[PDB]
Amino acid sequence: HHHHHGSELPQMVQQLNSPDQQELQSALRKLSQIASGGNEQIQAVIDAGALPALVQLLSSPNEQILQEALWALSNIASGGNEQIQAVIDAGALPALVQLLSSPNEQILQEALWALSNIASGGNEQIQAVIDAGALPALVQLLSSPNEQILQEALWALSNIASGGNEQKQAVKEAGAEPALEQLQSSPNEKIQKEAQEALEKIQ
């Protein structure tokens, strides 16, 4: 069931620019929720012009606003290829890549999730993730002592690796092979499986 009507979206979008922080968060949450409900609903959020404002919030020093903005963007990017494309065209990628070097694990997790959603699209979507410079960051993350970070980084890398030959080649050129060859021997069963599958995708 629809919780919100289409004629309420414009108001929510305007409120992503409120100086009132509880108004802002409230609107962030509603857009997240609507965007969680399938392609038709995601499209309504995009058509209402929510993307530009969501991307602005990605540089926020307020982790509460940041987490909800990332989550909303992840939900939008979980739709169709053209919906993922809209996220890319709105300039989300530089901000997401920047967040890959965050000392905050919770932020890291949501930026990686947004990125792997984006990288689930077509070769065009994947190439934009590569072009934005995700690969050097993702590779550096592969030598983290934190298994949860590893799993998250592998999901993104594995998705990029599901692209065409150009995309697989970029993965090889960013030096991912030796790291994936190591993690293929991981005692963590989830990491081992993802690493193996990613390695096999890039031959």
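A residue's number is simply how far along the shown sequence it sits, counting from 1.
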Of 170-178 vs 141-149, the stretch with the larger average CA B-factor in the entry is 170-178
Comparing 87-95 with 114-122, the higher average Cα temperature factor in the PDB entry belongs to 114-122
Taking the C-alpha B-factors as the PDB entry records them, is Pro136 in the lowest, middle or highest third of its chain? lowest
Modelled-residue ranking by C-alpha temperature factor, third containing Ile34: highest
Lowest, middle or highest third - CA B-factor, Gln67: lowest
